[PDB]
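Next up, final.tsv (TSV, C-alpha atoms and all ligand atoms):
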chain	number	residue	atom	x	y	z
G	2	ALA	CA	-13.98	7.00	-22.43
G	3	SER	CA	-12.21	5.78	-19.29
G	4	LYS	CA	-8.64	4.53	-19.50
G	5	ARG	CA	-8.00	0.90	-18.50
G	6	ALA	CA	-5.04	-0.57	-16.56
G	7	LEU	CA	-3.87	-4.16	-16.25
G	8	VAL	CA	-1.95	-4.89	-13.07
G	9	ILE	CA	-0.29	-8.29	-13.14
G	10	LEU	CA	-0.22	-9.94	-9.73
G	11	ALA	CA	2.19	-12.83	-9.06
G	12	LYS	CA	3.09	-14.73	-5.94
G	13	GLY	CA	5.81	-12.78	-4.09
G	14	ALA	CA	4.73	-9.40	-5.50
G	15	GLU	CA	5.45	-6.44	-3.25
G	16	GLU	CA	2.02	-5.70	-1.82
G	17	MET	CA	2.66	-1.96	-1.32
G	18	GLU	CA	3.82	-1.63	-4.94
G	19	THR	CA	0.67	-3.47	-6.03
G	20	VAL	CA	-1.93	-1.70	-3.83
G	21	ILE	CA	-0.68	1.91	-4.10
G	22	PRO	CA	-0.88	2.02	-7.93
G	23	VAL	CA	-4.25	0.17	-7.99
G	24	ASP	CA	-5.77	2.52	-5.44
G	25	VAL	CA	-4.30	5.73	-6.90
G	26	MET	CA	-5.34	4.79	-10.48
G	27	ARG	CA	-8.89	4.06	-9.26
G	28	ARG	CA	-8.91	7.47	-7.56
G	29	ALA	CA	-8.07	8.89	-11.00
G	30	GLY	CA	-11.13	7.15	-12.54
G	31	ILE	CA	-9.03	4.50	-14.32
G	32	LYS	CA	-10.65	1.10	-14.72
G	33	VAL	CA	-8.15	-1.21	-13.10
G	34	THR	CA	-7.98	-4.98	-13.44
G	35	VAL	CA	-5.89	-6.80	-10.87
G	36	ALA	CA	-5.01	-9.99	-12.78
G	37	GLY	CA	-3.65	-13.08	-11.10
G	38	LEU	CA	-0.72	-14.61	-12.98
G	39	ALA	CA	-1.44	-18.12	-11.67
G	40	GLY	CA	-5.25	-17.94	-12.14
G	41	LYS	CA	-8.21	-16.68	-10.09
G	42	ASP	CA	-7.13	-17.68	-6.57
G	43	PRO	CA	-5.82	-15.35	-3.84
G	44	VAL	CA	-2.18	-14.33	-4.12
G	45	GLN	CA	0.33	-14.44	-1.28
G	46	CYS	CA	2.43	-11.30	-1.60
G	47	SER	CA	6.03	-10.85	-0.41
G	48	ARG	CA	5.19	-9.82	3.18
G	49	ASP	CA	2.30	-12.27	3.39
G	50	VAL	CA	-0.57	-9.94	2.61
G	51	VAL	CA	-3.13	-11.95	0.63
G	52	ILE	CA	-4.90	-10.20	-2.22
G	53	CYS	CA	-7.82	-11.62	-4.24
G	54	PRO	CA	-7.40	-10.71	-7.91
G	55	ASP	CA	-10.31	-9.35	-9.93
G	56	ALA	CA	-9.67	-12.01	-12.60
G	57	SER	CA	-7.10	-14.49	-13.86
G	58	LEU	CA	-4.54	-13.12	-16.32
G	59	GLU	CA	-5.95	-15.53	-18.93
G	60	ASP	CA	-9.41	-13.97	-18.54
G	61	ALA	CA	-8.16	-10.36	-18.32
G	62	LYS	CA	-6.10	-10.78	-21.51
G	63	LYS	CA	-9.36	-11.49	-23.34
G	64	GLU	CA	-10.64	-8.02	-22.39
G	65	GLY	CA	-7.49	-6.24	-23.65
G	66	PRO	CA	-5.83	-4.22	-24.83
G	67	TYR	CA	-5.14	-1.83	-21.94
G	68	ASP	CA	-3.88	1.75	-21.85
G	69	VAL	CA	-1.23	0.64	-19.33
G	70	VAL	CA	0.26	-2.68	-18.24
G	71	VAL	CA	1.69	-2.44	-14.71
G	72	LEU	CA	4.34	-4.72	-13.24
G	73	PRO	CA	4.76	-4.47	-9.44
G	74	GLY	CA	8.12	-5.44	-7.96
G	75	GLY	CA	9.09	-7.79	-5.18
G	76	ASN	CA	12.01	-10.04	-6.15
G	77	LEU	CA	10.07	-13.28	-6.25
G	78	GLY	CA	7.08	-11.58	-7.94
G	79	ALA	CA	9.33	-10.11	-10.63
G	80	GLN	CA	10.98	-13.51	-11.16
G	81	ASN	CA	7.54	-15.09	-11.65
G	82	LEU	CA	6.63	-12.35	-14.18
G	83	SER	CA	10.02	-12.82	-15.94
G	84	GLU	CA	9.46	-16.59	-16.32
G	85	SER	CA	5.96	-16.22	-17.75
G	86	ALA	CA	5.19	-16.77	-21.43
G	87	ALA	CA	1.76	-15.14	-20.95
G	88	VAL	CA	3.48	-12.00	-19.61
G	89	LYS	CA	5.92	-12.02	-22.54
G	90	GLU	CA	2.99	-12.08	-24.99
G	91	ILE	CA	1.11	-9.31	-23.16
G	92	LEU	CA	4.16	-7.00	-23.06
G	93	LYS	CA	5.19	-7.64	-26.69
G	94	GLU	CA	1.64	-6.83	-27.79
G	95	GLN	CA	1.60	-3.68	-25.68
G	96	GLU	CA	4.95	-2.50	-26.99
G	97	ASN	CA	3.93	-3.22	-30.57
G	98	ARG	CA	0.75	-1.14	-30.22
G	99	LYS	CA	2.69	1.75	-28.60
G	100	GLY	CA	0.89	1.36	-25.28
G	101	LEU	CA	2.35	2.34	-21.88
G	102	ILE	CA	4.27	-0.17	-19.82
G	103	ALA	CA	4.96	0.67	-16.18
G	104	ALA	CA	7.24	-1.27	-13.83
G	105	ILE	CA	8.59	-0.63	-10.31
G	106	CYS	CA	11.39	-1.85	-8.05
G	107	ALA	CA	12.51	-5.30	-9.40
G	108	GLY	CA	9.58	-5.20	-11.79
G	109	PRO	CA	11.63	-3.70	-14.64
G	110	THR	CA	13.83	-6.84	-14.73
G	111	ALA	CA	10.81	-8.57	-16.37
G	112	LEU	CA	11.21	-6.09	-19.25
G	113	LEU	CA	14.77	-7.37	-19.64
G	114	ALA	CA	13.64	-11.01	-19.55
G	115	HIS	CA	11.04	-10.41	-22.21
G	116	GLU	CA	13.30	-8.12	-24.33
G	117	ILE	CA	11.02	-5.12	-23.94
G	118	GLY	CA	11.98	-1.50	-24.50
G	119	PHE	CA	15.70	-2.02	-25.18
G	120	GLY	CA	17.52	1.32	-25.45
G	121	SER	CA	15.25	3.02	-22.93
G	122	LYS	CA	16.42	4.97	-19.95
G	123	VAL	CA	15.19	3.10	-16.88
G	124	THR	CA	15.45	2.97	-13.13
G	125	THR	CA	15.01	0.09	-10.67
G	126	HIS	CA	15.50	-0.61	-7.03
G	127	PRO	CA	19.22	-0.04	-6.30
G	128	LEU	CA	19.57	-3.79	-5.52
G	129	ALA	CA	18.10	-4.72	-8.92
G	130	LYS	CA	20.40	-2.44	-11.00
G	131	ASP	CA	23.04	-5.08	-11.85
G	132	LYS	CA	20.38	-7.57	-13.01
G	133	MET	CA	18.62	-4.90	-15.14
G	134	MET	CA	21.92	-3.71	-16.67
G	135	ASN	CA	23.20	-7.18	-17.65
G	136	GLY	CA	24.26	-6.72	-21.31
G	137	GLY	CA	23.88	-2.91	-21.22
G	138	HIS	CA	20.52	-3.02	-23.03
G	139	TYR	CA	19.21	0.00	-21.13
G	140	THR	CA	20.63	3.23	-19.82
G	141	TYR	CA	20.43	3.50	-16.03
G	142	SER	CA	18.89	6.37	-14.11
G	143	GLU	CA	18.73	7.17	-10.38
G	144	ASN	CA	15.57	9.29	-10.81
G	145	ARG	CA	12.78	8.24	-8.48
G	146	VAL	CA	10.49	7.88	-11.51
G	147	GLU	CA	11.88	7.60	-15.04
G	148	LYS	CA	9.71	7.91	-18.14
G	149	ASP	CA	11.31	7.31	-21.50
G	150	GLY	CA	8.43	7.45	-23.95
G	151	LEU	CA	6.15	4.46	-23.26
G	152	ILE	CA	8.47	2.78	-20.70
G	153	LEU	CA	7.85	4.14	-17.20
G	154	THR	CA	9.91	2.83	-14.31
G	155	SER	CA	10.43	3.56	-10.64
G	156	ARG	CA	12.54	2.45	-7.70
G	157	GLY	CA	10.78	1.12	-4.61
G	158	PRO	CA	7.91	1.07	-2.13
G	159	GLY	CA	8.76	4.64	-1.19
G	160	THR	CA	8.45	5.83	-4.79
G	161	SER	CA	5.09	4.03	-5.38
G	162	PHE	CA	2.97	7.20	-5.02
G	163	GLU	CA	5.19	9.08	-7.48
G	164	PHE	CA	5.08	6.07	-9.88
G	165	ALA	CA	1.30	5.85	-9.64
G	166	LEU	CA	0.82	9.59	-10.14
G	167	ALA	CA	3.12	9.48	-13.17
G	168	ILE	CA	0.87	6.76	-14.70
G	169	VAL	CA	-2.13	8.96	-13.92
G	170	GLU	CA	-0.45	11.97	-15.55
G	171	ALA	CA	0.42	9.89	-18.64
G	172	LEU	CA	-3.11	8.57	-19.10
G	173	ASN	CA	-5.34	11.35	-17.72
G	174	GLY	CA	-3.15	14.48	-17.68
G	175	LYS	CA	-1.34	16.73	-15.23
G	176	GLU	CA	-4.49	18.32	-13.81
G	177	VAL	CA	-6.18	15.04	-12.89
G	178	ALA	CA	-2.90	13.83	-11.30
G	179	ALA	CA	-2.74	17.06	-9.22
G	180	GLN	CA	-6.36	16.68	-8.10
G	181	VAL	CA	-5.85	13.01	-7.11
G	182	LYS	CA	-2.60	13.89	-5.30
G	183	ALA	CA	-3.91	16.63	-2.99
G	184	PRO	CA	-6.10	14.52	-0.68
G	185	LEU	CA	-3.33	11.91	-0.22
G	186	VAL	CA	-1.27	14.16	2.11
G	187	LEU	CA	1.99	13.52	0.29
G	188	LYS	CA	5.19	15.47	1.14
X	2	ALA	CA	10.79	-11.79	22.18
X	3	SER	CA	9.13	-10.41	19.06
X	4	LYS	CA	6.59	-7.61	19.34
X	5	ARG	CA	3.04	-8.33	18.12
X	6	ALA	CA	0.63	-6.03	16.22
X	7	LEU	CA	-3.11	-6.30	15.71
X	8	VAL	CA	-4.37	-4.58	12.58
X	9	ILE	CA	-8.14	-4.36	12.49
X	10	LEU	CA	-9.53	-4.69	8.98
X	11	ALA	CA	-13.09	-3.52	8.23
X	12	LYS	CA	-15.04	-3.20	5.03
X	13	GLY	CA	-14.21	0.18	3.45
X	14	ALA	CA	-10.74	0.38	5.04
X	15	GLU	CA	-8.19	2.33	3.04
X	16	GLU	CA	-6.12	-0.44	1.51
X	17	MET	CA	-2.89	1.61	1.31
X	18	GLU	CA	-3.21	2.55	4.98
X	19	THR	CA	-3.74	-1.14	5.80
X	20	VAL	CA	-1.00	-2.70	3.60
X	21	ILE	CA	1.83	-0.19	4.18
X	22	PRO	CA	1.83	-0.60	8.00
X	23	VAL	CA	1.42	-4.42	7.77
X	24	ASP	CA	4.29	-4.74	5.33
X	25	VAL	CA	6.62	-2.26	7.07
X	26	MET	CA	5.98	-3.83	10.52
X	27	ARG	CA	6.74	-7.30	9.10
X	28	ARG	CA	9.96	-5.89	7.64
X	29	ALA	CA	10.79	-4.82	11.21
X	30	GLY	CA	10.29	-8.41	12.48
X	31	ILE	CA	6.96	-7.61	14.16
X	32	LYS	CA	4.43	-10.44	14.24
X	33	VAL	CA	1.41	-8.90	12.59
X	34	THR	CA	-2.15	-10.21	12.67
X	35	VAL	CA	-4.51	-8.80	10.08
X	36	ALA	CA	-7.87	-9.34	11.80
X	37	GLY	CA	-11.17	-9.15	9.97
X	38	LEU	CA	-13.80	-7.15	11.86
X	39	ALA	CA	-16.69	-9.07	10.28
X	40	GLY	CA	-15.08	-12.55	10.58
X	41	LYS	CA	-12.68	-14.65	8.49
X	42	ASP	CA	-13.85	-13.78	4.96
X	43	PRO	CA	-12.08	-11.50	2.47
X	44	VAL	CA	-12.56	-7.77	2.99
X	45	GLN	CA	-13.50	-5.30	0.27
X	46	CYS	CA	-11.42	-2.19	0.91
X	47	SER	CA	-12.34	1.38	-0.08
X	48	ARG	CA	-10.90	1.26	-3.62
X	49	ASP	CA	-12.03	-2.33	-4.14
X	50	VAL	CA	-8.82	-4.14	-3.33
X	51	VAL	CA	-9.78	-7.40	-1.62
X	52	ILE	CA	-7.61	-8.57	1.26
X	53	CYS	CA	-7.89	-11.94	3.04
X	54	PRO	CA	-7.39	-11.47	6.78
X	55	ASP	CA	-5.11	-13.77	8.75
X	56	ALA	CA	-7.93	-14.39	11.25
X	57	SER	CA	-11.27	-13.05	12.45
X	58	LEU	CA	-11.11	-10.35	15.12
X	59	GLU	CA	-12.91	-12.75	17.49
X	60	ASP	CA	-10.12	-15.31	17.04
X	61	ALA	CA	-7.26	-12.77	17.14
X	62	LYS	CA	-8.59	-11.26	20.38
X	63	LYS	CA	-8.08	-14.66	22.01
X	64	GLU	CA	-4.34	-14.45	21.25
X	65	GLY	CA	-3.97	-10.96	22.78
X	66	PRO	CA	-2.81	-8.74	24.17
X	67	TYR	CA	-0.74	-6.98	21.49
X	68	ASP	CA	2.08	-4.45	21.71
X	69	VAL	CA	0.16	-2.25	19.24
X	70	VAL	CA	-3.43	-2.07	18.00
X	71	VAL	CA	-3.59	-0.42	14.57
X	72	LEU	CA	-6.65	1.27	13.06
X	73	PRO	CA	-6.40	2.01	9.32
X	74	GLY	CA	-8.52	4.84	7.93
X	75	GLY	CA	-10.93	5.04	5.04
X	76	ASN	CA	-14.18	6.80	5.99
X	77	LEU	CA	-16.42	3.76	5.76
X	78	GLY	CA	-13.78	1.54	7.43
X	79	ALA	CA	-13.42	3.98	10.32
X	80	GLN	CA	-17.21	4.17	10.69
X	81	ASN	CA	-17.36	0.36	10.90
X	82	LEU	CA	-14.61	0.40	13.57
X	83	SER	CA	-16.43	3.21	15.45
X	84	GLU	CA	-19.70	1.23	15.53
X	85	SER	CA	-18.08	-1.95	16.82
X	86	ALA	CA	-18.47	-3.14	20.42
X	87	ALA	CA	-15.61	-5.64	19.88
X	88	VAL	CA	-13.32	-2.76	18.85
X	89	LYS	CA	-14.42	-0.73	21.88
X	90	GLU	CA	-13.46	-3.62	24.19
X	91	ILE	CA	-10.09	-4.17	22.47
X	92	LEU	CA	-9.14	-0.47	22.67
X	93	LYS	CA	-10.29	-0.02	26.30
X	94	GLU	CA	-8.24	-3.06	27.29
X	95	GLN	CA	-5.21	-1.75	25.41
X	96	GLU	CA	-5.49	1.70	26.95
X	97	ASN	CA	-5.92	0.23	30.42
X	98	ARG	CA	-2.76	-1.88	30.07
X	99	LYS	CA	-0.77	1.12	28.75
X	100	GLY	CA	-0.29	-0.45	25.32
X	101	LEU	CA	0.22	1.51	22.08
X	102	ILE	CA	-2.74	2.47	19.94
X	103	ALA	CA	-2.06	3.68	16.41
X	104	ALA	CA	-4.61	5.21	14.04
X	105	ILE	CA	-4.38	6.95	10.64
X	106	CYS	CA	-6.47	9.22	8.43
X	107	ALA	CA	-10.15	8.84	9.58
X	108	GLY	CA	-9.04	6.01	11.83
X	109	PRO	CA	-8.58	8.27	14.87
X	110	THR	CA	-12.33	9.09	14.85
X	111	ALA	CA	-12.83	5.53	16.21
X	112	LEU	CA	-10.84	6.64	19.28
X	113	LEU	CA	-13.41	9.41	19.74
X	114	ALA	CA	-16.33	6.99	19.34
X	115	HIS	CA	-14.89	4.63	21.92
X	116	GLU	CA	-13.76	7.44	24.30
X	117	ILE	CA	-10.10	6.50	24.01
X	118	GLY	CA	-7.16	8.74	24.87
X	119	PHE	CA	-9.10	11.92	25.68
X	120	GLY	CA	-6.74	14.85	26.28
X	121	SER	CA	-4.18	13.59	23.78
X	122	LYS	CA	-2.70	15.62	21.01
X	123	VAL	CA	-3.79	13.99	17.75
X	124	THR	CA	-3.84	14.44	14.02
X	125	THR	CA	-6.20	13.12	11.35
X	126	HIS	CA	-6.87	13.55	7.69
X	127	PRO	CA	-7.74	17.25	7.18
X	128	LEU	CA	-11.30	16.19	6.16
X	129	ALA	CA	-11.75	14.25	9.41
X	130	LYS	CA	-10.63	17.09	11.74
X	131	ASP	CA	-14.12	18.45	12.54
X	132	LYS	CA	-15.44	14.97	13.39
X	133	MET	CA	-12.41	14.21	15.61
X	134	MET	CA	-12.65	17.61	17.38
X	135	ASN	CA	-16.39	17.39	18.17
X	136	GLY	CA	-16.55	18.28	21.90
X	137	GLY	CA	-12.89	19.39	22.06
X	138	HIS	CA	-11.78	16.13	23.70
X	139	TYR	CA	-8.40	16.21	21.96
X	140	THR	CA	-5.91	18.84	20.95
X	141	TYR	CA	-5.41	19.03	17.19
X	142	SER	CA	-2.08	18.85	15.40
X	143	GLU	CA	-1.10	19.26	11.73
X	144	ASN	CA	2.05	17.13	12.16
X	145	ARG	CA	2.27	14.33	9.64
X	146	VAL	CA	2.67	11.87	12.52
X	147	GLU	CA	1.71	12.79	16.09
X	148	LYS	CA	2.69	10.69	19.09
X	149	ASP	CA	1.36	11.69	22.47
X	150	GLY	CA	2.49	8.92	24.79
X	151	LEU	CA	0.64	5.73	23.78
X	152	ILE	CA	-1.68	7.41	21.22
X	153	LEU	CA	-0.02	7.60	17.80
X	154	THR	CA	-1.89	9.20	14.92
X	155	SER	CA	-1.25	10.22	11.34
X	156	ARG	CA	-2.94	11.95	8.43
X	157	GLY	CA	-3.34	10.04	5.18
X	158	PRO	CA	-2.16	7.55	2.57
X	159	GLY	CA	0.84	9.76	1.92
X	160	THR	CA	1.88	9.68	5.58
X	161	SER	CA	1.50	5.85	5.88
X	162	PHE	CA	5.25	5.13	5.65
X	163	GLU	CA	6.01	7.72	8.34
X	164	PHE	CA	3.17	6.30	10.51
X	165	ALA	CA	4.44	2.75	10.08
X	166	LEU	CA	8.04	3.71	10.82
X	167	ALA	CA	6.92	5.57	13.94
X	168	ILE	CA	5.20	2.35	15.17
X	169	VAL	CA	8.42	0.48	14.40
X	170	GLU	CA	10.47	3.06	16.32
X	171	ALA	CA	8.07	2.85	19.29
X	172	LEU	CA	8.20	-0.94	19.49
X	173	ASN	CA	11.69	-1.84	18.21
X	174	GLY	CA	13.72	1.38	18.49
X	175	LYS	CA	15.21	4.08	16.29
X	176	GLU	CA	17.96	1.89	14.85
X	177	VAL	CA	15.63	-0.86	13.62
X	178	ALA	CA	13.33	1.81	12.10
X	179	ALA	CA	16.34	3.34	10.26
X	180	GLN	CA	17.44	-0.07	8.95
X	181	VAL	CA	13.91	-0.92	7.73
X	182	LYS	CA	13.55	2.54	6.14
X	183	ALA	CA	16.69	2.54	3.97
X	184	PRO	CA	15.70	-0.12	1.41
X	185	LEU	CA	12.24	1.47	0.91
X	186	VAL	CA	13.64	4.39	-1.16
X	187	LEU	CA	11.70	7.02	0.76
X	188	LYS	CA	12.31	10.77	0.20
N	201	LIG	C1	11.15	-4.15	-4.11
N	201	LIG	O1	9.77	-4.34	-3.84
N	201	LIG	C2	11.89	-5.08	-4.98
N	201	LIG	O2	11.35	-5.48	-6.06
N	201	LIG	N1	13.12	-5.44	-4.56
N	201	LIG	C3	13.30	-4.81	-3.36
N	201	LIG	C4	14.33	-4.77	-2.46
N	201	LIG	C5	14.22	-4.01	-1.27
N	201	LIG	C6	13.08	-3.26	-0.94
N	201	LIG	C7	11.99	-3.25	-1.82
N	201	LIG	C8	12.10	-4.00	-2.99
N	202	LIG	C1	-8.32	8.40	4.32
N	202	LIG	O1	-7.95	7.08	3.98
N	202	LIG	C2	-9.50	8.67	5.17
N	202	LIG	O2	-9.71	7.94	6.19
N	202	LIG	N1	-10.28	9.69	4.78
N	202	LIG	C3	-9.71	10.18	3.64
N	202	LIG	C4	-10.03	11.21	2.79
N	202	LIG	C5	-9.23	11.48	1.66
N	202	LIG	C6	-8.09	10.74	1.33
N	202	LIG	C7	-7.71	9.68	2.14
N	202	LIG	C8	-8.49	9.41	3.27
N	203	CL	CL	11.26	-8.44	-2.32
N	204	CL	CL	-12.23	6.99	2.25

Mind turning this structure into structure tokens?
Ligand SMILES: *[C@@]1(=O)C(=O)[N]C2=[C][C]=[C][C]=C21
Ligand SMILES: *[C@@]1(=O)C(=O)[N]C2=[C][C]=[C][C]=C21
Ligand SMILES: [Cl-]
Ligand SMILES: [Cl-]
Amino acid sequence: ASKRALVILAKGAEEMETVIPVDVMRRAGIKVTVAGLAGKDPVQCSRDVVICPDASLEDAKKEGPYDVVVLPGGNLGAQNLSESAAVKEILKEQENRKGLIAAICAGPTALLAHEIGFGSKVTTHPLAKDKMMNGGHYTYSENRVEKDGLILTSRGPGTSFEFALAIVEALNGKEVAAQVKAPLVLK
Amino acid sequence: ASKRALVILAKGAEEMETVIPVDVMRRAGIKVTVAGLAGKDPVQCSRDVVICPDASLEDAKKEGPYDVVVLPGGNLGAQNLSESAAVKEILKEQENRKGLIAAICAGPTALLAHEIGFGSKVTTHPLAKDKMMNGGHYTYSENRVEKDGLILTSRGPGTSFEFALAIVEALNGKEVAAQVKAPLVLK
């Protein structure tokens, strides 16, 4: 049976950090749902790329649970995720069922806001470190991708391929990740 | 005065190869127009990400010329670009005025279709090499990014940041490219 991914898309999301994981996961045969935080309408990302979600978050939640919940970064996107009660509920449920949670760049600061994964080793964008580390509830890492059990984090647009391939490896295994990677022409 | 980029967006375009250059160029202060080949409606990219263009190609052409014309890859996207008379006209005009043309992955095969830049050194996705080299009208390179004068080409999703930063360097200079690069957390 195919693995399933929920990508939560908020206004101000970093479009590269949204598109790279969606695309790479789909290359891996993962069924990906791009879910709009605010509803079904197109979402204006951080650098003004407009993406049409597959579904509203409200509707995608009804088809859960998912093998991974993915939080893109972008400062304003992450703030919107952090302020959302629906996101809190989704992440709590995922944590409680021991499902994977993946967040990149400023995205991991939503884990802090929703009290998810405390005690984990995590990374973030360098500019988001102080926010993430407020209260010392996590241990900080400078690894490009950090995976501490079911909390998987990464640093920035330039680590998005590594982040995506780590999700693929977690869900579908090393060999599938290697096969998906080769045609991408990564360094 | 700000430089201006036309990104031509066709059904089946590789969404990573579309979004990374748009985003990176906007980070560099370039005014980017995402122009829909088929008109103003949302475009279904290769891995099913749906992007809403800023304008139709017909409308964006009226605001030309641009400092760079950018052709994303994706096999089906590149085929749509290759079959388009409007694209032919845009690229001929750009070549004739000695403006930059940038293409990635299968994207450069549209240069072949429209007889653009013959004699240039070029790269493509490895799987697109035979198509590009039909007739020996270019010289092939395995460099991740190749720039031969005003023809700038690159290989794949995994070279999209390098491709984008090379466009930035060409238009705005080395120092701006370096400043835009640093916060991306590239290897
Ligand atoms: C990233 O997308 C984020 O969340 N915060 C940030 C700062 C600089 C570059 C990229 C990002
Ligand atoms: C790329 O986007 C293209 O145009 N052709 C191709 C083949 C494999 C991976 C990426 C690409
Ligand atoms: Cl941001
Ligand atoms: Cl393709």

For CA of residue 182 in chain X and CA of residue 166 in chain X, the interatomic separation in Å (one decimal):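 Between CA of residue 182 in chain X and CA of residue 166 in chain X the gap is 7.3 Å.
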
With only C-alpha atoms and all ligand atoms counted and 8 Å as the cut-off, give the residues of chain G in contact with ligand LIG 201 (chain N), each with its shortest interatomic distance in Å and the pair that gives it, as a Markdown table.
| residue | atom | partner | partner_atom | distance |
| --- | --- | --- | --- | --- |
| G:14 | CA | N:LIG201 | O1 | 7.3 |
| G:15 | CA | N:LIG201 | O1 | 4.8 |
| G:17 | CA | N:LIG201 | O1 | 7.9 |
| G:18 | CA | N:LIG201 | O1 | 6.6 |
| G:73 | CA | N:LIG201 | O2 | 7.5 |
| G:74 | CA | N:LIG201 | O2 | 3.7 |
| G:75 | CA | N:LIG201 | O2 | 3.3 |
| G:76 | CA | N:LIG201 | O2 | 4.6 |
| G:77 | CA | N:LIG201 | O2 | 7.9 |
| G:78 | CA | N:LIG201 | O2 | 7.7 |
| G:79 | CA | N:LIG201 | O2 | 6.8 |
| G:105 | CA | N:LIG201 | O2 | 7.0 |
| G:106 | CA | N:LIG201 | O2 | 4.1 |
| G:107 | CA | N:LIG201 | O2 | 3.5 |
| G:108 | CA | N:LIG201 | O2 | 6.0 |
| G:126 | CA | N:LIG201 | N1 | 5.9 |
| G:127 | CA | N:LIG201 | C4 | 7.8 |
| G:128 | CA | N:LIG201 | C4 | 6.1 |
| G:129 | CA | N:LIG201 | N1 | 6.7 |
| G:156 | CA | N:LIG201 | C1 | 7.6 |
| G:157 | CA | N:LIG201 | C1 | 5.3 |
| G:158 | CA | N:LIG201 | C7 | 6.0 |

Residues from the last selection, C-alpha atoms, saved as an mmCIF file, keeping the file's coordinate frame:
data_model
loop_
_atom_site.group_PDB
_atom_site.id
_atom_site.type_symbol
_atom_site.label_atom_id
_atom_site.label_comp_id
_atom_site.auth_asym_id
_atom_site.auth_seq_id
_atom_site.Cartn_x
_atom_site.Cartn_y
_atom_site.Cartn_z
ATOM 1 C CA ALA G 14 4.730 -9.400 -5.500
ATOM 2 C CA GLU G 15 5.450 -6.440 -3.250
ATOM 3 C CA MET G 17 2.660 -1.960 -1.320
ATOM 4 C CA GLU G 18 3.820 -1.630 -4.940
ATOM 5 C CA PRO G 73 4.760 -4.470 -9.440
ATOM 6 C CA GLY G 74 8.120 -5.440 -7.960
ATOM 7 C CA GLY G 75 9.090 -7.790 -5.180
ATOM 8 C CA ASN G 76 12.010 -10.040 -6.150
ATOM 9 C CA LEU G 77 10.070 -13.280 -6.250
ATOM 10 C CA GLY G 78 7.080 -11.580 -7.940
ATOM 11 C CA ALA G 79 9.330 -10.110 -10.630
ATOM 12 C CA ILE G 105 8.590 -0.630 -10.310
ATOM 13 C CA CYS G 106 11.390 -1.850 -8.050
ATOM 14 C CA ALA G 107 12.510 -5.300 -9.400
ATOM 15 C CA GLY G 108 9.580 -5.200 -11.790
ATOM 16 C CA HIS G 126 15.500 -0.610 -7.030
ATOM 17 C CA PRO G 127 19.220 -0.040 -6.300
ATOM 18 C CA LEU G 128 19.570 -3.790 -5.520
ATOM 19 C CA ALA G 129 18.100 -4.720 -8.920
ATOM 20 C CA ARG G 156 12.540 2.450 -7.700
ATOM 21 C CA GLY G 157 10.780 1.120 -4.610
ATOM 22 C CA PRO G 158 7.910 1.070 -2.130
#

Proximity to chain X - best of G:155, G:180, G:3, G:142, all atoms listed in the file: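 Closest candidate: G:155.
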
Of the listed residues G:5, G:28, G:93, G:130, that which approaches chain X most closely, counting all atoms listed in the file: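 Selected residue with least distance to chain X: G:28.
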
Per residue of chain G within 10 Å of ligand LIG 202 (chain N), record the nearest atom pair and its distance in Å to one decimal, counting all atoms listed in the file, with rows in chain order and ascending residue number, as JSON lines.
{"residue": "G:28", "atom": "CA", "partner": "N:LIG202", "partner_atom": "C6", "distance": 9.5}
{"residue": "G:181", "atom": "CA", "partner": "N:LIG202", "partner_atom": "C6", "distance": 9.0}
{"residue": "G:182", "atom": "CA", "partner": "N:LIG202", "partner_atom": "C6", "distance": 9.2}
{"residue": "G:183", "atom": "CA", "partner": "N:LIG202", "partner_atom": "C6", "distance": 8.4}
{"residue": "G:184", "atom": "CA", "partner": "N:LIG202", "partner_atom": "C6", "distance": 4.7}
{"residue": "G:185", "atom": "CA", "partner": "N:LIG202", "partner_atom": "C6", "distance": 5.1}
{"residue": "G:186", "atom": "CA", "partner": "N:LIG202", "partner_atom": "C6", "distance": 7.7}

Atom pair CA of residue 16 in chain X / CA of residue 51 in chain G: separation (Å): 11.9 Å
